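Quick note on the authors' numbering: the sequence shown kicks off at 1 and runs consecutively. Below: one structure, written as C-alpha coordinates.
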Amino acid sequence: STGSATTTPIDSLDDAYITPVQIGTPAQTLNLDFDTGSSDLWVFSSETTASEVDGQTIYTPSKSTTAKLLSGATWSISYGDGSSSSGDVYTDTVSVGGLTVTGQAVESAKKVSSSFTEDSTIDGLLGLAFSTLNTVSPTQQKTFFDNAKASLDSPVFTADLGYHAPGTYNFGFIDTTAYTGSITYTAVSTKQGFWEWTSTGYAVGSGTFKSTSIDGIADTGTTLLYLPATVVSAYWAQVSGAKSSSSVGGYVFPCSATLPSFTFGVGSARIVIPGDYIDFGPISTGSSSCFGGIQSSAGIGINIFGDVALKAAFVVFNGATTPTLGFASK
(Lines of atoms letter the chains of each structure in order from A and count residues from 1; the text may use other names and numbers.)
(Lines give C-alpha, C1' and ligand atoms only; values in the text may rest on other atoms or scores of the structure.)
Protein backbone atom coordinates (compact mmCIF):
# COMPACT_ATOMS: atom_id res chain seq x y z
CA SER A 1 0.00 0.00 0.00
CA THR A 2 0.85 3.69 -0.22
CA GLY A 3 -0.58 7.02 0.87
CA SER A 4 -0.13 10.59 -0.35
CA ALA A 5 -1.44 13.71 1.38
CA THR A 6 -0.96 17.42 0.81
CA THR A 7 0.44 19.45 3.69
CA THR A 8 -0.39 23.17 3.89
CA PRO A 9 1.26 26.02 5.84
CA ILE A 10 -0.92 27.32 8.65
CA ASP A 11 0.03 30.98 8.05
CA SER A 12 2.06 33.27 5.80
CA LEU A 13 5.31 32.50 7.67
CA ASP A 14 5.20 28.69 7.38
CA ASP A 15 5.08 28.50 11.18
CA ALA A 16 3.80 24.92 10.86
CA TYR A 17 2.07 22.65 8.33
CA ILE A 18 -1.26 20.83 8.61
CA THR A 19 -2.25 17.62 6.85
CA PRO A 20 -5.83 16.25 6.77
CA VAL A 21 -6.30 12.93 8.56
CA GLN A 22 -9.43 10.76 8.61
CA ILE A 23 -10.26 9.27 12.03
CA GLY A 24 -13.10 6.89 12.84
CA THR A 25 -16.21 5.58 11.11
CA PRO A 26 -17.79 7.54 9.51
CA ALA A 27 -14.62 9.54 8.95
CA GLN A 28 -13.95 12.61 11.06
CA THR A 29 -11.35 14.74 9.25
CA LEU A 30 -8.92 16.66 11.48
CA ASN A 31 -5.97 18.77 10.36
CA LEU A 32 -2.90 17.46 12.17
CA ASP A 33 0.68 18.70 12.53
CA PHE A 34 2.90 15.85 11.32
CA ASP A 35 5.86 15.87 13.70
CA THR A 36 8.98 13.77 13.05
CA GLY A 37 10.24 14.98 16.45
CA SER A 38 7.60 13.22 18.57
CA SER A 39 5.71 9.96 18.65
CA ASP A 40 2.15 10.61 19.88
CA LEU A 41 -0.94 10.98 17.68
CA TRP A 42 -3.18 13.20 19.81
CA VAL A 43 -6.27 15.23 18.96
CA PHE A 44 -8.57 17.87 20.30
CA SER A 45 -11.69 15.96 21.25
CA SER A 46 -15.13 15.97 22.83
CA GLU A 47 -13.23 15.32 26.10
CA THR A 48 -11.05 18.45 25.91
CA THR A 49 -11.79 21.02 28.64
CA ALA A 50 -14.25 23.34 26.92
CA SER A 51 -12.42 26.56 27.86
CA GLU A 52 -9.29 25.18 26.14
CA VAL A 53 -10.99 24.70 22.74
CA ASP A 54 -11.12 27.80 20.51
CA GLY A 55 -11.99 26.95 16.91
CA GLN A 56 -10.32 23.56 16.50
CA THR A 57 -12.15 20.63 14.95
CA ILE A 58 -12.67 17.90 17.56
CA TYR A 59 -12.71 14.11 17.42
CA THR A 60 -15.81 12.67 19.08
CA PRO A 61 -15.16 8.97 19.77
CA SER A 62 -18.77 8.29 20.73
CA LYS A 63 -19.77 9.04 17.12
CA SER A 64 -17.30 6.50 15.68
CA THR A 65 -18.51 2.92 15.39
CA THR A 66 -14.89 1.71 15.29
CA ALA A 67 -13.62 3.61 18.35
CA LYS A 68 -12.76 1.58 21.45
CA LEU A 69 -11.51 2.94 24.75
CA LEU A 70 -8.00 1.67 25.49
CA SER A 71 -8.87 0.89 29.07
CA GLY A 72 -6.55 2.38 31.67
CA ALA A 73 -4.27 4.13 29.21
CA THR A 74 -3.26 7.75 29.73
CA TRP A 75 -0.78 10.04 28.05
CA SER A 76 1.02 13.27 28.85
CA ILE A 77 3.56 15.09 26.71
CA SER A 78 5.66 18.23 26.94
CA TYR A 79 7.32 19.74 23.89
CA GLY A 80 10.54 21.68 23.48
CA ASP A 81 8.64 24.96 23.16
CA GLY A 82 7.11 24.51 26.62
CA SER A 83 3.67 23.45 25.39
CA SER A 84 1.93 20.33 26.65
CA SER A 85 -1.19 18.18 26.50
CA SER A 86 -2.58 15.08 28.18
CA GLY A 87 -5.58 12.78 28.28
CA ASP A 88 -6.85 9.23 27.65
CA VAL A 89 -6.68 6.89 24.66
CA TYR A 90 -8.93 5.23 22.11
CA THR A 91 -8.06 2.90 19.28
CA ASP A 92 -9.69 3.67 15.95
CA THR A 93 -9.21 3.56 12.20
CA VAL A 94 -6.92 6.29 10.89
CA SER A 95 -6.27 7.08 7.23
CA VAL A 96 -3.74 9.47 5.68
CA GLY A 97 -3.88 10.16 1.97
CA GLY A 98 -5.60 6.85 1.23
CA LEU A 99 -3.43 4.71 3.55
CA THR A 100 -5.47 3.12 6.34
CA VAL A 101 -4.35 1.74 9.72
CA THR A 102 -6.84 -0.10 11.91
CA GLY A 103 -6.36 -0.12 15.67
CA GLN A 104 -4.27 3.05 15.77
CA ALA A 105 -3.89 4.64 19.19
CA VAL A 106 -5.69 7.99 19.03
CA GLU A 107 -4.79 10.00 22.12
CA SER A 108 -7.74 12.16 23.17
CA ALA A 109 -6.80 15.42 24.89
CA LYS A 110 -8.48 16.25 28.16
CA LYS A 111 -6.12 19.21 28.69
CA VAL A 112 -4.00 21.30 26.34
CA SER A 113 -1.73 24.24 27.09
CA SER A 114 -2.45 27.79 25.99
CA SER A 115 -0.39 27.74 22.80
CA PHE A 116 -2.49 24.86 21.45
CA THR A 117 -5.77 26.56 22.38
CA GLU A 118 -4.55 29.78 20.76
CA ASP A 119 -3.81 28.07 17.42
CA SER A 120 -7.21 27.37 15.89
CA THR A 121 -5.66 25.81 12.76
CA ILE A 122 -4.02 22.76 14.41
CA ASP A 123 -6.42 20.04 15.58
CA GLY A 124 -3.66 17.82 17.00
CA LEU A 125 -0.33 16.21 16.24
CA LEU A 126 0.67 13.06 14.35
CA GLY A 127 4.03 11.87 15.62
CA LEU A 128 6.53 10.29 13.23
CA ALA A 129 9.63 9.82 15.41
CA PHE A 130 10.41 6.38 16.83
CA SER A 131 7.76 4.65 18.92
CA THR A 132 10.15 4.43 21.89
CA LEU A 133 9.22 8.09 22.58
CA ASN A 134 5.46 7.45 22.74
CA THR A 135 4.08 8.63 26.09
CA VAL A 136 1.10 6.29 26.55
CA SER A 137 1.15 4.52 29.92
CA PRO A 138 1.16 1.76 31.07
CA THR A 139 1.34 0.22 27.57
CA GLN A 140 3.38 2.26 25.11
CA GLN A 141 1.76 2.63 21.68
CA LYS A 142 3.07 2.61 18.11
CA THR A 143 3.12 5.53 15.69
CA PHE A 144 0.99 5.59 12.56
CA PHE A 145 4.10 4.88 10.46
CA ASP A 146 5.16 1.97 12.67
CA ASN A 147 1.68 0.43 12.39
CA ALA A 148 1.53 0.96 8.62
CA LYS A 149 5.10 -0.11 7.83
CA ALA A 150 4.52 -3.80 7.14
CA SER A 151 1.72 -3.00 4.66
CA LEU A 152 3.69 -0.35 2.76
CA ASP A 153 5.28 -1.07 -0.60
CA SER A 154 8.56 0.22 0.88
CA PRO A 155 9.09 1.04 4.60
CA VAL A 156 9.56 4.78 4.05
CA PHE A 157 7.82 8.12 4.25
CA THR A 158 8.89 11.36 2.61
CA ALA A 159 8.51 15.00 3.55
CA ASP A 160 8.35 17.59 0.79
CA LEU A 161 7.48 20.83 2.55
CA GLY A 162 6.78 23.96 0.54
CA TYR A 163 8.11 27.47 0.99
CA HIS A 164 5.00 29.64 1.35
CA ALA A 165 3.15 26.90 -0.55
CA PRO A 166 1.63 23.44 -0.05
CA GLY A 167 3.76 20.32 -0.16
CA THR A 168 3.36 16.57 0.28
CA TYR A 169 3.80 13.70 2.74
CA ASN A 170 4.07 10.33 0.97
CA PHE A 171 4.01 6.92 2.65
CA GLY A 172 5.44 3.77 1.12
CA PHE A 173 7.08 5.13 -2.03
CA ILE A 174 9.61 7.68 -3.28
CA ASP A 175 8.22 10.02 -5.97
CA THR A 176 11.17 10.32 -8.35
CA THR A 177 9.52 13.33 -10.03
CA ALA A 178 9.57 15.36 -6.80
CA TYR A 179 13.31 16.10 -6.62
CA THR A 180 16.30 16.92 -8.80
CA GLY A 181 19.58 15.06 -8.99
CA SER A 182 20.07 12.11 -6.65
CA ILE A 183 19.14 11.39 -3.04
CA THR A 184 22.08 11.26 -0.63
CA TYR A 185 21.49 8.90 2.29
CA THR A 186 23.12 9.33 5.69
CA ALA A 187 23.19 7.28 8.87
CA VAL A 188 20.64 7.66 11.67
CA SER A 189 21.00 7.02 15.38
CA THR A 190 17.76 6.02 17.10
CA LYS A 191 19.31 6.10 20.59
CA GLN A 192 17.30 9.19 21.63
CA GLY A 193 14.19 8.18 19.67
CA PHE A 194 14.71 10.84 16.97
CA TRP A 195 15.72 10.86 13.31
CA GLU A 196 19.18 11.90 14.47
CA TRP A 197 21.98 12.31 11.94
CA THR A 198 25.28 14.14 11.44
CA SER A 199 25.63 16.95 8.92
CA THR A 200 29.08 17.28 7.36
CA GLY A 201 29.30 21.08 7.60
CA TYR A 202 27.99 24.40 6.39
CA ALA A 203 28.51 27.49 4.28
CA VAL A 204 27.16 31.03 4.62
CA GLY A 205 26.12 32.67 1.35
CA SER A 206 28.82 32.33 -1.30
CA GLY A 207 31.44 31.58 1.36
CA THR A 208 33.66 28.54 1.52
CA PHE A 209 32.28 25.35 2.99
CA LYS A 210 33.39 24.54 6.53
CA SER A 211 33.78 20.80 7.10
CA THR A 212 32.59 20.04 10.62
CA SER A 213 30.29 17.39 12.09
CA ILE A 214 26.94 18.71 13.34
CA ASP A 215 24.74 16.14 15.08
CA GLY A 216 21.05 17.02 14.97
CA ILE A 217 17.51 15.81 14.38
CA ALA A 218 15.25 16.07 11.33
CA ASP A 219 12.15 17.58 12.94
CA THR A 220 9.14 18.63 10.85
CA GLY A 221 7.41 19.82 14.04
CA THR A 222 9.96 22.56 14.72
CA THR A 223 9.68 25.77 12.67
CA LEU A 224 13.28 27.02 12.69
CA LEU A 225 16.86 25.77 12.22
CA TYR A 226 18.69 25.52 15.57
CA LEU A 227 22.48 25.10 15.31
CA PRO A 228 25.55 25.61 17.50
CA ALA A 229 26.26 29.18 18.61
CA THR A 230 29.49 29.32 16.57
CA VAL A 231 27.65 28.47 13.34
CA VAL A 232 24.77 30.84 14.04
CA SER A 233 27.13 33.71 14.88
CA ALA A 234 29.01 33.16 11.60
CA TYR A 235 25.72 33.35 9.70
CA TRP A 236 24.33 36.52 11.31
CA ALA A 237 27.70 38.28 11.14
CA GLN A 238 27.03 38.51 7.38
CA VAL A 239 23.83 40.55 7.90
CA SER A 240 24.34 44.25 8.66
CA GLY A 241 22.57 45.20 11.86
CA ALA A 242 21.74 41.66 12.99
CA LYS A 243 22.09 40.95 16.69
CA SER A 244 21.02 38.51 19.37
CA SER A 245 18.27 40.03 21.52
CA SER A 246 17.68 38.52 24.96
CA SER A 247 14.41 40.46 25.23
CA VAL A 248 13.09 39.04 21.96
CA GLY A 249 14.59 35.59 22.48
CA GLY A 250 17.03 35.20 19.61
CA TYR A 251 18.66 36.79 16.61
CA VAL A 252 16.82 39.66 14.95
CA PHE A 253 17.80 41.61 11.88
CA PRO A 254 16.66 44.73 10.01
CA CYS A 255 13.59 43.96 7.92
CA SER A 256 15.26 45.97 5.12
CA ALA A 257 18.05 43.37 4.82
CA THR A 258 18.58 40.85 2.04
CA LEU A 259 19.57 37.61 3.77
CA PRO A 260 22.34 35.29 2.52
CA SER A 261 21.67 31.65 1.85
CA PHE A 262 22.80 28.90 4.22
CA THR A 263 24.18 25.57 2.97
CA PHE A 264 24.33 22.38 5.03
CA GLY A 265 26.20 19.20 4.13
CA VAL A 266 24.73 15.73 3.74
CA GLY A 267 27.70 13.50 3.14
CA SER A 268 29.44 14.96 0.12
CA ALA A 269 26.19 16.61 -1.05
CA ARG A 270 24.93 20.10 -0.23
CA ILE A 271 21.45 21.51 0.48
CA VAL A 272 21.06 25.25 -0.04
CA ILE A 273 18.51 27.16 2.04
CA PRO A 274 17.71 30.41 0.16
CA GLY A 275 18.02 33.57 2.22
CA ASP A 276 14.30 34.32 1.96
CA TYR A 277 13.52 31.08 3.84
CA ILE A 278 15.35 32.54 6.87
CA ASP A 279 13.06 35.60 7.18
CA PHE A 280 10.32 35.16 9.81
CA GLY A 281 9.03 38.69 9.57
CA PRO A 282 8.48 41.50 12.05
CA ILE A 283 8.90 40.59 15.71
CA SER A 284 5.61 42.39 16.38
CA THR A 285 3.11 43.84 13.97
CA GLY A 286 4.58 46.86 12.19
CA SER A 287 8.09 46.51 13.60
CA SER A 288 11.14 47.00 11.40
CA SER A 289 12.99 44.35 13.41
CA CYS A 290 12.57 40.91 11.85
CA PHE A 291 13.00 37.50 13.47
CA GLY A 292 15.70 35.17 12.14
CA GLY A 293 15.06 31.62 10.98
CA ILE A 294 18.45 30.32 12.13
CA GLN A 295 18.86 30.40 15.91
CA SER A 296 21.25 29.01 18.48
CA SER A 297 20.65 25.55 19.95
CA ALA A 298 22.83 26.36 22.97
CA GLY A 299 19.88 26.36 25.38
CA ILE A 300 18.21 23.25 23.93
CA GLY A 301 20.78 20.47 24.25
CA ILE A 302 20.31 19.27 20.65
CA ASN A 303 20.63 20.77 17.18
CA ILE A 304 17.34 20.79 15.25
CA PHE A 305 16.96 20.69 11.45
CA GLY A 306 13.44 22.10 11.51
CA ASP A 307 11.19 23.27 8.71
CA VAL A 308 13.55 26.08 7.58
CA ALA A 309 16.09 23.41 6.62
CA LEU A 310 13.78 20.57 5.63
CA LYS A 311 11.64 22.61 3.22
CA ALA A 312 14.76 23.25 1.10
CA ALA A 313 14.96 19.49 0.40
CA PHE A 314 13.06 16.36 -0.50
CA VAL A 315 13.57 14.27 2.64
CA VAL A 316 13.32 10.47 2.87
CA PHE A 317 12.65 8.94 6.29
CA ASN A 318 13.78 5.36 5.65
CA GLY A 319 12.32 3.03 8.29
CA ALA A 320 14.10 -0.10 7.14
CA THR A 321 15.60 -2.39 9.79
CA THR A 322 18.57 0.00 9.90
CA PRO A 323 16.92 3.41 9.47
CA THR A 324 18.56 6.12 7.38
CA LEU A 325 17.74 9.63 6.15
CA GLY A 326 17.89 10.78 2.53
CA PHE A 327 18.14 14.35 1.23
CA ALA A 328 17.76 15.63 -2.32
CA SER A 329 17.59 19.09 -3.80
CA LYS A 330 14.33 20.02 -5.49
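Where a beta carbon is used, it is the ideal one built from N, C-alpha and C, also for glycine.
Beta-carbon separation of residue i and residue j under 9 angstroms?
i             : j                 : result
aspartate 40  : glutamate 107     : yes
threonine 220 : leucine 128       : yes
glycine 201   : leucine 133       : no
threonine 2   : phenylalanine 171 : yes
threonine 158 : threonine 143     : no
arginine 270  : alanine 328       : no
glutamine 295 : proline 260       : no
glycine 124   : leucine 30        : yes
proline 274   : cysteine 255      : no
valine 94     : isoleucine 10     : no
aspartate 160 : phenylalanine 314 : yes
State the start and end residues of the unbroken alpha helix (DSSP H) segment that holds residue i.
i             : result
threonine 198 : Looking at the DSSP string, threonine 198 is not in any alpha helix (DSSP H); the run it does join, the beta strand (DSSP E), is 196 to 204.
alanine 309   : 307 to 310
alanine 242   : It is not in any alpha helix (DSSP H) - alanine 242 carries neither H nor E in the DSSP assignment.
Looking only at its own chain, which residues have a Cβ that is under 6 angstroms from the Cβ of residue i, when we skip the five neighbours before and after it?
i              : result
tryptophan 197 : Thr186, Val188, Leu325
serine 199     : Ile214, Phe264, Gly265
Residue range of the beta strand (DSSP E) that residue i falls in?
i             : result
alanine 269   : 269 to 273
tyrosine 277  : Unbroken run through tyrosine 277: none, as it is neither H nor E.
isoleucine 10 : It is not in any beta strand (DSSP E) - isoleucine 10 carries neither H nor E in the DSSP assignment.
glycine 265   : 262 to 266
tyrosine 251  : 250 to 254
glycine 326   : 324 to 328
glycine 292   : 289 to 292
Under 7 angstroms Cβ to Cβ from residue i, same chain only, skipping five residues before and after it: list those, please.
i             : result
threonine 48  : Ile58, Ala109, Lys110, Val112
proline 323   : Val188, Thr190
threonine 135 : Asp40, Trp75, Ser76, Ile77
Validate contact between the segment 55 to 72 and the segment 5 to 19 using beta carbons, cut 8 angstroms, 3 pairs: no
Entirely enclosed beta strand (DSSP E) segments - the segment 161 to 226, minimum 3 residues: 167 to 171, 184 to 187, 196 to 204, 210 to 218
Beta strand (DSSP E) runs wholly inside the segment 88 to 158, at least 3 long, in chain order: 99 to 112, 124 to 127
The segment 34 to 48 contacting the segment 69 to 88, beta-carbon criterion three pairs below 8 angstroms: yes
Contact the segment 177 to 184 vs the segment 266 to 284: 3+ CB pairs below 8 angstroms: yes
Ranges of the alpha helix (DSSP H) found wholly within the segment 23 to 77, counting only runs of at least 4: none
Given 8 angstroms, three or more beta-carbon pairs between the segment 227 to 238 and the segment 290 to 310: yes
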